[PDB]
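Enquirer: Just dropping this structure here.
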Amino acid sequence: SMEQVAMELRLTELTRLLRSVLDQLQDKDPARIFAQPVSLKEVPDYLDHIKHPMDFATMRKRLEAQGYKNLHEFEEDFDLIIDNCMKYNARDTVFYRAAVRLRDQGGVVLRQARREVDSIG
């Protein structure tokens, strides 16, 4: 149907906007602490601690399959990146601190993304 196509075009345009959001958030992680999944070879107990691991590469895979239906879903995954790190790692660590800085800086980006998503529809 034409209605299904129109819905697909809206999903495609959301995907474009989320790709730009993702790039902007990842630039706030110049150390690349959040770039890839935590390695279970190197942290063999990780899944005992963290039930839903997340990282920027995994988000990018979902994005390119147009797997985010709305901004809320994408924000959920970004929040997992931060939240998982702040649980596993102590306050005095470079990992925890990197997550705090990512959260704070990403807040700015996400605030305007929400406006754009509501605005363009």
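Ordered as shown in the structure tokens, chains take letters A, B, and onward, while each chain numbers its residues from 1 and ligands are numbered from 1 in the order shown.
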Considering only C-alpha atoms, return as JSON, numbers by chain whatever protein or nucleic-acid residues lie within 10 Å of residue A:33, sequence-local ones (same chain, fewer than 5 positions apart) excluded.
Expert: {"A": [26, 38, 55, 56, 85, 94, 95, 98, 99]}
Enquirer: Could you list, as a PyMOL selection string, every residue within 10 Å of stretch 106-109 of chain A, counting only C-alpha atoms and ignoring same-chain residues fewer than 5 positions away?
Expert: chain A and resi 21-22+24-29+78+100-101+114
Enquirer: Go through stretch 17-115 of chain A and collect every residue that DSSP, computed from the backbone, puts in helix (DSSP H, G or I); the answer should be as a ChimeraX atom specification.
Expert: /A:17-27,46-49,56-64,71-88,94-115
Enquirer: Pick out the closest residue to residue A:17 from this set: A:89, A:105, A:70, A:4. Count only C-alpha atoms.
Expert: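 Smallest distance to residue A:17 is found for A:70.
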